[PDB]
Amino acid sequence: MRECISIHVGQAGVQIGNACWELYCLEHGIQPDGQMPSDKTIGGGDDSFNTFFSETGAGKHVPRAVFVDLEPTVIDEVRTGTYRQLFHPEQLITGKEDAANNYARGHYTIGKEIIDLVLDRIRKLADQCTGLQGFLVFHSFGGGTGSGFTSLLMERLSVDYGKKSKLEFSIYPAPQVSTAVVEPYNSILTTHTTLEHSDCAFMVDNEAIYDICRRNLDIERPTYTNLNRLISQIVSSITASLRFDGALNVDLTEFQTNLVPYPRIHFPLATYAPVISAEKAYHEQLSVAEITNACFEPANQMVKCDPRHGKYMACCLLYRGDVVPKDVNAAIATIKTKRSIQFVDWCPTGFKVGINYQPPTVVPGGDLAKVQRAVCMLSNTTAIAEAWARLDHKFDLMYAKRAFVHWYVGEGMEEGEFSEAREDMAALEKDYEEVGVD
Amino acid sequence: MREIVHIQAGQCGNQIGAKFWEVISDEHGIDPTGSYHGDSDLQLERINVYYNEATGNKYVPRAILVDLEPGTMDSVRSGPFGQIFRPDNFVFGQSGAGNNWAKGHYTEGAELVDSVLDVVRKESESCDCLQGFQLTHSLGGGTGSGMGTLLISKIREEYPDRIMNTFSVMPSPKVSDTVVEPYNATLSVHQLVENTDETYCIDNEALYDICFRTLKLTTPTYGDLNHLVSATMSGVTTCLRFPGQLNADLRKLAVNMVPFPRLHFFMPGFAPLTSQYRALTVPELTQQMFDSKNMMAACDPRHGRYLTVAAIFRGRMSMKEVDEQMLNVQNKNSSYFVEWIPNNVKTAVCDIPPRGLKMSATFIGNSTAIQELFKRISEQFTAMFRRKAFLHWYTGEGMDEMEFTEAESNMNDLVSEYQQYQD
Amino acid sequence: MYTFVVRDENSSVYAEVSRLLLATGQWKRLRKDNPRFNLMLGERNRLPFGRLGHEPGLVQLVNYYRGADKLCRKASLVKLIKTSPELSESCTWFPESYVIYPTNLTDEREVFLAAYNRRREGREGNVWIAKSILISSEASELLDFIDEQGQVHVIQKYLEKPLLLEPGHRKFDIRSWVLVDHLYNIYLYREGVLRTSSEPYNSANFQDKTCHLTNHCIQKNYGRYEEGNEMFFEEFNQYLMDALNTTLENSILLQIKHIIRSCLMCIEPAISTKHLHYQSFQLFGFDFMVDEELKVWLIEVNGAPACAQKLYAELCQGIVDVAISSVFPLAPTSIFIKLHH
Amino acid sequence: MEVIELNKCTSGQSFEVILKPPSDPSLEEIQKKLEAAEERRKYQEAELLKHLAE
Ligand SMILES: Nc1nc2c(ncn2[C@@H]2O[C@H](COP(=O)(O)OP(=O)(O)OP(=O)(O)O)[C@@H](O)[C@H]2O)c(=O)[nH]1
Ligand SMILES: Nc1ncnc2c1ncn2[C@@H]1O[C@H](COP(=O)(O)OP(=O)(O)CP(=O)(O)O)[C@@H](O)[C@H]1O
Ligand SMILES: Nc1nc2c(ncn2[C@@H]2O[C@H](COP(=O)(O)OP(=O)(O)O)[C@@H](O)[C@H]2O)c(=O)[nH]1
Ligand SMILES: CC(=O)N1CCC(NCCc2ccccc2)CC1
Ligand SMILES: [Ca+2]
Ligand SMILES: [Ca+2]
Ligand SMILES: [Ca+2]
Ligand SMILES: [Mg+2]
Ligand SMILES: [Mg+2]
Ligand SMILES: [Mg+2]
């Protein structure tokens, strides 16, 4: 058994972290007070769920998580919320004034004054780990804290835990649920200084989650609660193999091995189905083929793009529910003859399949409906570079006029880091076209 | 606990500030004696942003009333919500400023400023986390204009990293007290260009035309004009006074509204303005909000381009319909929005509408069309300055022509700056 | 009031389409870099599809199908036919072709020579033609010409027995315009054009490519038999009836409609926008050959074709009706022939 | 279309199907960037205080 520490940075990180740990408890049968009647080894144990939950002598199961936000209002919710008893105060960290959507402010001005503290809190959880694997970091691209402080943390983690893996769950900015005009700046600033420090990063485009909530859940104007309940479902699928007995993606290292043959191309595309509305009178349960076929529809991808016009470097199918291997292969062979799945010549055309028999759990009263079987596909497409292209385009439009640049220079950042970060993106886009274009 | 210290200086500043606190106090459920008698917790949620909490559950505005003559503040303390202001927070002199910027900024104002800073320092020290300061004042007089900018430059020295916002009433010959208003207004604009993060330009000519043409008021008064300023000050600060998401604090609003440091002068807009029981649809709120007639800077936005826009809709409406109409206005007029700032129109919703309105919309625009406001002042300025007319009022207070030339040059540069970005 | 942008100033076709749009008083044109657009008449090369469909509250449309180049490239079309089971290697309406990379650069050199040698022994016509132009019956001349260049080439059979018009004894080819809308209906413009050779066909001299290549530029006896070496379906139809006693629809049109359906229906899963965040339509130009047996062959497919001068009005008006207004309606006797499927 | 490495346990099973074969800065350098940015701010604020004193 090897432990995994979750780090939630900024509002988006903390609130999404709240949704996941809510789901984790409902799945592993851990009540809001931390008690777990099924854990027959009180005060300890080396089980699968122990990779995410520490144990006290009293039998409480404490998440191996740290929450960090430069403004105390979002984490004060956790301190007085349903699951307030899950975490001890050391795990929740907050400042006084935030980064104001200013990467430089979160990285330099405010970050420099709280970086050594967060590390000391992580060090406390690491000491409880007998074989730490790495970290899972949740944050937004657009926020001043999620972008600025995260990248500073990622550098320190590489220095203090150089032998440990790091996975990111990053919220890509969407104008429909965002009001900060400078989020393209922060997105590209944080990707530049964080690139060489991340092993595997799952991007979630808020525009994708937003459209799925309106199209599949019939939420006319979705809220962060709707978005985060859905996001944590995908996160649960991705982290299930670390928390449950199995053989595929058993440790954080396996995520890089199976999804990242090229180090700089470490952004897998996530696709999830089915998303059914709980308010629906009653849905006909979809089959293995129908949900597996749905994995190649852009309308259920975490990032809108067209994989038909890229090349695959790796493809991983993670099923939860009543699924047998026989049906999976029967659907794959049906999709190869219909879909356009081009693999890179230096990669084998194949799929790694994981099946967990326990079907997805749904938060009582949430928006999602109980389904008999669900799948999450993790595919490494060169088509995800479309999202970098969109983001780069907005960056160039503003940087050409130096719009808003004075806010960053005023926080001690040098203008040069802009073009330095942008050039790194031009390099990232050149690697993608070398891989999936003839 | 992100507190804001409010300051109101001079005749116009205190008459408008008084009305402002009268409006929001009613929205937050505070009676004239500072007792809360509301029915919704949303009111008290962010109440500490503008109000302190005294013994006995009392709420006392975090406001400082400043003037060089006692006449106006005596009326406030005798007005409706007069008893609500902290008695110590009244700082006034007896000399007066005689509508003279030099007197407010260099002589009469210098004598009184130190005692005003003692009150600012007292209000800030009690703040768990001071956001910044907001100042209501006119630019055409002496105290609000001359001493107002003196307070800004002195408060900046003591809290250099906080945020400084102003509601600044610009003079117009159509609504004029003295001929020297362009002199004072030009001298102040120079200060504001360098020392504030955000300035809401409130043109008395726009307010006048709206009262006469739209509201059908034959003989507008300062009282009528201050009604529009109240409704607008309430609208533009809704983001700060209630539980919200975008532009929640002063620094965040500034980051999304100010792409270039010197270009921080906004055109406020409010809707509706009825001359009254009929319901106003969401499309109507949007068409009026962006229509020039509803704008209070007296600058036709069709003359320039919007760098950034902040919209706020108050009331129980269709947030889905709000997003539709907003996207509709932008998509139907994308030639008046700079195309090199993606997604520069941000919209916010608030469930608490202003008193007596089912719903309303407040509009915050950073448009290059504001340059025509500074053109009016510059033309009026140079008309007298080329003959050095009325300068003796200022030179007699220790000033020199060179100081006037400098202020004039800085405002013309401000205009040329807006002009280059308009193309 | 819909908005559109123009990113191909050289497109005579969409220059007219843009002209008609503004003439409706319900379409406003924006700067080529304004993202708040409903319609994009995009550039030819490197059209940024990845930025479409990401404007909230905007239904965005574009006049190109991402991936359609697989059909509008000499080398890509050869590889598509040979590898697509729908078209198969035994495709009967496509000339025997091969992908030949120059020696200064998979490749089909040996496979090409195996068939070439088989003809040289079977006394059969062994006249080929390379392009990316040189016609030759010796394989040594074909391969040696591609090496002198530095780009991919394709060697396909040359139709030695082409249908010749009379009087004149002259070669020709057929151009059909095909519009595919956002729903993937395949509409065939009722008006084609035959670009004729004003020179008599001479099969004993491939050095003078004036009677073999029927391009409007090479020919331009220009205009002797028909104005601009361009014959339309009315005259060509009456000719087939007077000479061969058959109609254009029976002898040729059925085959052209079959070829167009096969090609587009094949790549449909690869380029369809039925489930995409943006929508696509595209106008195509199919070029065909006809032999003395009235069998139709597919020459190539053009992704940004121009139109015959006489038909710019009718067709461009048609592009607006079924492709642009079908998505953005305004406030017959169709000129198209819907190829159902 | 081959299946490989089929693992089974009480809580599920995993396998791999192959269709076709193939063909940092130190703690010091960080603390320097941080202090450099803090120094450029101190310089900017000193120029402002100098401007205000004038
Ligand atoms: N999916 C999702 N996105 C969120 C959530 N909260 C904020 N965002 C997105 O994150 C971006 C803003 O970044 P924040 O996380 O709010 O900023 P921050 O990390 O708190 O840093 P500060 O600027 O100091 O407040 C916007 O694009 C939002 O759309 C959330 O709960 N769920
Ligand atoms: N296999 C073949 N056999 C005989 N002639 C052929 C041929 N392929 C092409 N041609 C001749 O060449 C012409 C087509 O040339 P091609 O289309 O490849 O060049 P191009 O693309 O520059 C003109 P366009 O694209 O506008 O049709 C036809 O008019 C035909 O006469
Ligand atoms: N909108 C509005 N403008 C005012 C009011 N009082 C004065 N003004 C304007 O402000 C300028 C006079 O400034 P004033 O406030 O009297 O100067 P001060 O007392 O020295 O600060 C003139 O341009 C007036 O038009 C008022 O109550 N409302
Ligand atoms: C960029 C720009 O326009 N600036 C002018 C506004 C400045 N901030 C406000 C300063 C202040 C603080 C307290 C009291 C009064 C004034 C920053 C630089
Ligand atoms: Ca245990
Ligand atoms: Ca590393
Ligand atoms: Ca005195
Ligand atoms: Mg935050
Ligand atoms: Mg006065
Ligand atoms: Mg061609």
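For this entry, the PDB record names X-ray crystallography as the structure determination method and reports a resolution of 2.4500 Å.

## Considerations on the packing of aromatic side chains
With the rule as written, the count across this model stands at 65 aromatic pairs over all chains. Note on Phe343 of chain A and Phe351 of chain A: the rings are 6.3 Å apart at their centroids and 80° apart in plane angle, and the pair reads as edge-to-face. The exposure class assigned to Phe343 of chain A is buried, which follows from its relative accessible area of 6%. Considering the side-chain rings of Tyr65 of chain C and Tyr184 of chain C, the 5.7 Å spacing of their centres and the 80° angle between planes classify their relative orientation as edge-to-face. Assigned by exposure class, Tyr65 of chain C and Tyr184 of chain C land together as buried. Each residue in the set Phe20, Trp21, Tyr50, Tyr51, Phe85 and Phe90 of chain B is aromatic and connected to the rest through ring pairs, giving one cluster.

## Overview of the pairing of strand β10 (residues 186-189) of chain C
Residue and element names in this part refer to chain C. Here β10 shows two buried faces, one formed by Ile186 and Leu188 and the other by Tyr187 and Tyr189. Here three bridges tie strand β9 (residues 172-180) to β10, and the two strands are oriented antiparallel to one another. Bridge assignment links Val180 to a residue of β10, and that residue is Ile186. If you look at the hairpin formed by β9 and β10, you'll find five residues sitting between the two strands, and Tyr184 has a positive phi there, around 75°. Taken together, the three bridges between β10 and strand β16 (residues 336-338) define a ladder with antiparallel strand orientation.

## Details of the sheet that holds strand β2 (residues 12-20) of chain D
Within the open sheet, the six strands sit side by side as β9(A)-β12(A)-β10(A)-β11(A)-β2(D)-β1(D). Their pairing is mixed. In this open sheet, the two strands that pair with only one neighbour each are β9 (269-273) of chain A together with β1 (2-9) of chain D. Taken over all neighbouring pairs, the strand axes of this sheet differ in orientation by 15° on average, direction set aside. The strands touched by helix α8 (residues 224-243) of chain A within the sheet are β9, β10 (312-321) and β12 (373-381) of chain A, with β10 of chain A carrying the most contacts at an inclination of about 100°. Here helix α9 (residues 252-259) of chain A sits on the sheet and contacts β10, β11 (349-356) and β12 of chain A; the angle it forms with β10 of chain A, its principal contact strand, is near 130°.

## Here we look at the interface of chain B and chain D
Each partner contributes to the interface: chain B provides five residues, whereas chain D provides five residues. A combined buried area of about 470 Å² lies between chain B and chain D, and 66% of that area is made up of carbon and sulfur atoms. Three residues, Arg156, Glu157 and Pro160 of chain B, lead the burial of chain B against chain D; their summed loss comes to 73% of the area buried on that side. If you look at where chain B meets chain D, you find zero salt bridges.

## Here's the deal with the arrangement of the chains
Take the five pairs of chains in contact: the one carrying the most contacts is chains A and D. There is a gap between chain C and chain D: no contact, and a shortest C-alpha distance of 12 Å.

## Notes on the domain arrangement of chain C
All names here are of chain C. What the domain assignment reports for chain C is domain 1 (2-68) and domain 2 (69-70 + 163-339). Spacing between the C-alpha centres of domain 1 and domain 2 amounts to 25 Å. Opposite the 28 residues of domain 1 that make contact, domain 2 presents 36 residues. A buried area of about 2,800 Å², summed over both sides, lies between domain 1 and domain 2, and 68% of it is on carbon and sulfur atoms. In terms of surface lost to domain 2, no three residues of domain 1 exceed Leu61, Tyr65 and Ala68, which account for 28% of the buried area on that side.

## Focus on the site of ligand 2
Residues and elements named next belong to chain C. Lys157, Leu159, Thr214, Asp287 and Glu300 are the nearest of the 17 residues found near ligand 2. Within the side chain of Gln156, a nitrogen or oxygen atom sits 3.0 Å from a nitrogen atom of ligand 2. A distance of 2.8 Å separates an oxygen atom of ligand 2 from a polar side-chain atom of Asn302. Here ligand 2 loses 85% of its free accessible area of 630 Å² to cover by the protein chains. For the shell around ligand 2, the secondary-structure elements that each account for two or more residues are β8 (153-157), β9 and β15 (296-302). Among the elements that take part in the shell around ligand 2, β15 stands out by supplying three residues, more than any other. The class makeup of the residues in the shell around ligand 2 is three nonpolar, five polar and nine charged.

## Regarding the coordination of the magnesium ion (ligand 10)
Bound to the magnesium ion (ligand 10) on the protein side are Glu300 of chain C (OE) and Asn302 of chain C (OD1), at distances that span 2.1 to 2.6 Å. On the basis of relative accessibility, which here comes to 16%, the residue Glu300 of chain C falls in the buried class.

## Some details on unusual backbone geometry
Omega for the peptide link from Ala271 of chain B to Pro272 of chain B comes to 0°, which places this bond in the cis form. One can find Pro272 of chain B in the loop between β9 (265-271) and α12 (282-290). Along the chain, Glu166 of chain C connects to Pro167 of chain C via a cis peptide bond; the corresponding omega equals 0°. For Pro167 of chain C, the position within the fold is in the loop between β8 and β9. At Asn229 of chain C, a residue that is not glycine, the phi angle is positive and equals roughly 50°. Of note, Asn229 of chain C is situated in the loop between α5 (216-219) and β12 (230-232).

## Some thoughts on the environment of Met170 of chain B
All names here are of chain B. Within the secondary structure, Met170 sits in strand β7 (residues 163-170). Placed 19 residues apart in sequence, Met170 and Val189 show a C-alpha to C-alpha distance of 9.6 Å. Residues contacting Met170, with those up to four places away along its chain left out, are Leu139, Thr199, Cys201, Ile202, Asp203, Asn204 and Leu373.

## Let's talk about the packing of helix α5 (residues 144-160) of chain A against helix α1 (residues 27-53) of chain D
Interhelical geometry of α5 of chain A versus α1 of chain D gives an angle of 160° and a closest axis separation of 10 Å. Considered as vectors, α5 of chain A and α1 of chain D are oriented roughly antiparallel to each other. α5 of chain A and α1 of chain D meet at a crossing whose hand is left-handed. Between α5 of chain A, through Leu152, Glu155, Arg156 and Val159 of chain A, and α1 of chain D, the contact on the second element is made entirely by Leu27, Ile30, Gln31, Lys33 and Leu34 of chain D. Among the residues making up the contact of α5 of chain A with α1 of chain D, the classes are represented as five nonpolar, one polar and three charged.

## Topic: the site of ligand 1
Lining the immediate surroundings of ligand 1 are 22 residues, of which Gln15, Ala99, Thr145, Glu183 and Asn228 of chain A lie closest. More than one chain lines the surroundings of ligand 1; the residues nearby belong to chains A and B. Between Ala99 of chain A and ligand 1, the recorded distance is 2.8 Å, taken from a backbone N or O atom to an oxygen atom. For ligand 1, an oxygen atom lies 2.7 Å from a polar atom in the side chain of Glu183 of chain A. Coverage of ligand 1 by the protein chains reaches 96% of its 640 Å² of free accessible surface. The set of elements that each furnish at least two residues to the shell around ligand 1 consists of α1 (10-28), α5 and α8 of chain A. Of the residues forming the shell around ligand 1, the biggest block, four residues, is contributed by α1 of chain A. Class assignment for the residues of the shell around ligand 1 results in seven nonpolar, twelve polar and three charged.

## What to know about a nonpolar patch on the surface
A cluster of nonpolar residues, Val179, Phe390 and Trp393 of chain B, forms a patch on the protein surface that exposes about 310 Å² of accessible area. Along the polypeptide, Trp393 of chain B turns up in helix α15 (residues 392-395).

## As for the interface of chain A and chain D
Tallying the contact residues gives 41 residues for chain A and 32 residues for chain D. Summed over both sides, the interface between chain A and chain D buries roughly 3,000 Å², with carbon and sulfur atoms accounting for 59% of that surface. For the pair chain A and chain D, the number of links is three salt bridges. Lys112 of chain A serves as the salt-bridge partner of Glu38 of chain D, at 3.2 Å between the closest nitrogen and oxygen. Linking chain A to chain D there are 16 residue pairs in polar contact. Among the residues making up the side of chain A that touches chain D, the classes are represented as 17 nonpolar, twelve polar and twelve charged.

## Things to note about the state of the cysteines
Under the criterion given, the structure shown has zero disulfides over all chains. You can see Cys376 of chain A has no disulfide; the closest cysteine sulfur is in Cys295 of chain A, sitting 7.5 Å from it. Free of any disulfide, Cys91 of chain C has its nearest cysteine sulfur in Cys263 of chain C, 7.2 Å distant.

## Some points on the nonpolar core
With 259 residues, the main nonpolar core has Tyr185 and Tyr408 of chain A together with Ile370 and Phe374 of chain B as its most contacted residues. In this structure, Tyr408 of chain A is in contact with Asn101, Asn102, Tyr103, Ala104, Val182, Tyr185, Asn186, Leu189, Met413 and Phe418 of chain A, ignoring residues within four places of it in sequence. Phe94, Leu240, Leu253 and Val296 of chain C belong to the second largest nonpolar core, which has 49 residues in total.

Cut-offs used in this document
Residues numbered from 1 in each chain as written, not as in the entry; some residues may be left out. Chains lettered and ligands numbered in written order. Part of a larger assembly, values for the part shown. Heavy atoms only, no water. Residues with missing side-chain atoms left out of burial classes, pairs and counts. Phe/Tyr/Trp six-rings, centres within 6.5 Å; stacked < 30°, edge-to-face > 60°. Buried < 20%, exposed > 50% of the residue type's maximum accessible area, 1.4 Å probe, protein only. Helix = DSSP H or I, 4+ residues; strand = E, 2+ residues; numbered from the N terminus. Pairing = 2+ DSSP bridges. Axes fitted to C-alpha atoms, helices over the stretch in contact; angles between N-to-C directions. Contact = heavy atoms within 4.5 Å. Buried area = accessible area lost by both parts, 1.4 Å probe. Salt bridge = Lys/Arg side-chain N within 4 Å of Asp/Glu carboxyl O. Domains from an automatic or database assignment. Near = heavy atom within 4 Å. Polar contact = N/O pair within 3.5 Å; in protein donor to acceptor, adjacent residues only side chain to side chain. Areas by Shrake-Rupley, 256 points an atom, 1.4 Å probe, with all protein chains shown as cover. Nonpolar A, V, L, I, M, F, W, Y, C, P; charged D, E, K, R; others polar. Donors = N, O, S within 2.8 Å, 3.2 Å for Na, K, Ca; no water. Parallel < 35°, antiparallel > 145°, perpendicular 65-115°, else oblique. Left-handed = near helix turned anticlockwise from the far one by under 90°. Patch = residues over 30% accessible without salt bridge, like charges linked within 9 Å, V, L, I, M, F, W, Y side chains within 5 Å. Disulfide = S-S within 2.5 Å. Core = buried A, V, L, I, M, F, W, Y, C linked by side-chain atoms within 4.5 Å.

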